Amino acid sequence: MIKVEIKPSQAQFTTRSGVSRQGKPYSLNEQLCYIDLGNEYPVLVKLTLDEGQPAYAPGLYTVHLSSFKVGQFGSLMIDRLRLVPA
C-alpha cells in the first residue's frame, strides 16, 4: 500500500479554468499531498480532484483501485490518483 498524507497546510484546493476545443467551459480542482516513495523523506505530489468532490481533509490515506486504467499501449497507467482513508 501507498501511504499518502494530506498535511494541515494542504487542506485546501485551487481551481484552474478554461475552454475546450469545441467551446465547452471546464474547471479543475487541484490539491497537494505527500507520498512516501521510500526515499529519505516523502515527496510532494499534485492531485486533480473529481467533479463535485471536496478537498480531502488532513490525515492518512491509501490509493483506491479506480486510480488505474490500461493505457493505449497496453501497460498500466494512473488515470487520476483517487484516495480512501487509511
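Residue numbers here begin at 1 and follow the sequence given.
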### Query
Is the mean CA B factor in the deposited entry higher across 23-31 or across 38-46?
23-31
### Task
Specify which of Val4, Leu81, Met1, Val84 carries the largest Cα B factor in the deposited PDB entry.
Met1
### Task
Give the position of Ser67 by CA B-factor within its chain, expressed as the lowest, middle or highest third.
lowest
### Message
Test of reading the entry: by CA B factor among the chain's modelled residues, which third contains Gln12?
### Response
highest
